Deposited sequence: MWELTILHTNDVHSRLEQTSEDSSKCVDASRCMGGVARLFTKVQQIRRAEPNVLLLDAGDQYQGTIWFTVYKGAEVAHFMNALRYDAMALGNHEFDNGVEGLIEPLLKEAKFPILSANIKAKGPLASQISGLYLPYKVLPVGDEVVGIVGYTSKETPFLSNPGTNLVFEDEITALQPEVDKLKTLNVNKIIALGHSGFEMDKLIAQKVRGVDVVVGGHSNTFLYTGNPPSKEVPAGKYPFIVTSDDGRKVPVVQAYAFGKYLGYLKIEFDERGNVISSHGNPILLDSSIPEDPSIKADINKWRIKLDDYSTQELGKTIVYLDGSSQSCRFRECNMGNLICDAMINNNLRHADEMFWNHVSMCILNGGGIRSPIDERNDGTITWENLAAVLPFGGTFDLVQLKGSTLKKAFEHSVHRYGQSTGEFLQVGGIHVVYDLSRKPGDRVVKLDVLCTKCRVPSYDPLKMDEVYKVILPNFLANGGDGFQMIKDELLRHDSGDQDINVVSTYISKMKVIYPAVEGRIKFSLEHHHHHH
């Protein structure tokens, strides 16, 4: 019997340096976690101890911190090569800077194979990207070979900017012929490594004949066997076992996000590549694991270029700016109220009509909290992690019916850590989750524009309201198809980080609170 050790990371999101426990900028260095230097110490320790080791990434290394704003993927290719990753699957955020933002910094500079079987290149692009990413790779591991098939979220054209020359096929339809090709090459050990979320990973384990292990990403799934070591609540045991349609037990693994944990799974295979057993758990990369000095000195060299983004203080916060998913995707979060107050302030600074009183913001668009214990200081860097996408805060004209539909969509699948949960400004919404989806909004009061003194009045279906929202939502992003389809007017506004930055500078000291903007019945 032959034992393989799979070490996996996913949704790291430019978290190259060690972070606070909430994955925001490290301040109190003694209690910091993750980062590539720490991950390198743990990986090295496992390589010294285990004979057959694979270090894999299931996508979304791109986007999240000033590391990616400045280096545009050169930091990813450099440090992923430094850690000696054996393979990576393409994620949706790898396309955020177009195909060009993927090809030049990453595909051309990685010393490891970058995979995706369901991505087909066509037209002019076909010749330009050919062989820069592969559907599968056969990797020698000790005296054995292990086949790795890659996959990327089929919904990527709506999540990113991959362009019109890439076709995103159904994962299962595209993976089965590639697995069948590995089987003809007599590769009997097969890992499906990809980026579509835990729900699709379970479908790949059930339906794709020949896959032994599924290593996923995109849904930031925390899986654990026993008592977890930190604040993350497990969504199931590690590994998650799926029984395939052909009757084989298939472990499905995921390792949360932000490089806080290193996934770790041991598979005992027999001579014919049948999985005998599997055990593991994600490894919390805390303070106990010391950062590698060589990687850390290299991280510090690259850090010089970034320091001029933290030299200038925009203002102060005397309160924790809760930009976490556990807060901003489930209820009113003060980071969400702050950003919506900044949007309304930027639009009301230059103004019955002409005015704009309301704001809506997808909770999943807020990508990091900001801590108040660092002397209170807010820099362009702390703000760069909250709002990393470089989008705009647009003005839209919506019928009350359209706004009520967007609010119904906001909680249609409440309890899935779905980022469509809306943060608001100039709106008082009450939800009753005991009611059937599509009828959960029990109260929707909005701030009048056509009134001398502003006050909250019930939303009228036949009335038309002006709403400030991300360009992402206006384009039907996060399943807000009703906004794109039913809007009556759409104007482009200022860059997201600049709107929030000018506001923080004006206010000097900020203290946003949870005020009852969103309530539950």
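Absent C-alpha positions map to the deposited sequence ranges 352 to 354, 525 to 532, in order along the chain.
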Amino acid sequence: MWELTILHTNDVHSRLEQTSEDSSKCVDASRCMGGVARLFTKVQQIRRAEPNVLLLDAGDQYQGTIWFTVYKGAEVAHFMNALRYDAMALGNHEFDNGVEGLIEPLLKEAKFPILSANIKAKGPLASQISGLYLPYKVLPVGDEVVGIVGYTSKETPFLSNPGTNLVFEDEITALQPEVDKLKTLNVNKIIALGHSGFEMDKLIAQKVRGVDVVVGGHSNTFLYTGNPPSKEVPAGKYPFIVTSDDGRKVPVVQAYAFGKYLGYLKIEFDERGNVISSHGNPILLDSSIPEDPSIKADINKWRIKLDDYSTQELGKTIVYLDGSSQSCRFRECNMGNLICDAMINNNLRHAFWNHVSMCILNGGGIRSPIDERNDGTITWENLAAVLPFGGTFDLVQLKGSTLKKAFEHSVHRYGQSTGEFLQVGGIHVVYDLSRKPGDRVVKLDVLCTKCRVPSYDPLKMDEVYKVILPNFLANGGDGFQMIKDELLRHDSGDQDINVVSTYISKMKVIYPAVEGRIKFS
From here on, numbers count along this sequence of modelled residues.
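Look at the mean CA B-factor for 138 to 146 and for 296 to 304 in the entry; the higher one is 296 to 304.
The PDB entry reports B-factors from which the mean C-alpha value can be compared for 372 to 380 and 321 to 329; the larger average falls on 372 to 380.
Within the listed group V43, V36, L473, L56, the record reports its top CA B-factor for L473.
Ranking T243, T449, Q423, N220 by Cα temperature factor from the entry places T449 first. Looking at the C-alpha B-factors along this chain, the one for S410 belongs to the middle third.
Annotation for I510: C-alpha temperature factor in the middle third relative to the rest of the modelled chain, per the entry. Residue-level temperature factors show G91 in the lowest third of its chain, judged at the C-alpha atom. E155: CA B factor lies in the middle third for its chain, per the PDB record. Residue-level temperature factors show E291 in the middle third of its chain, judged at the C-alpha atom.
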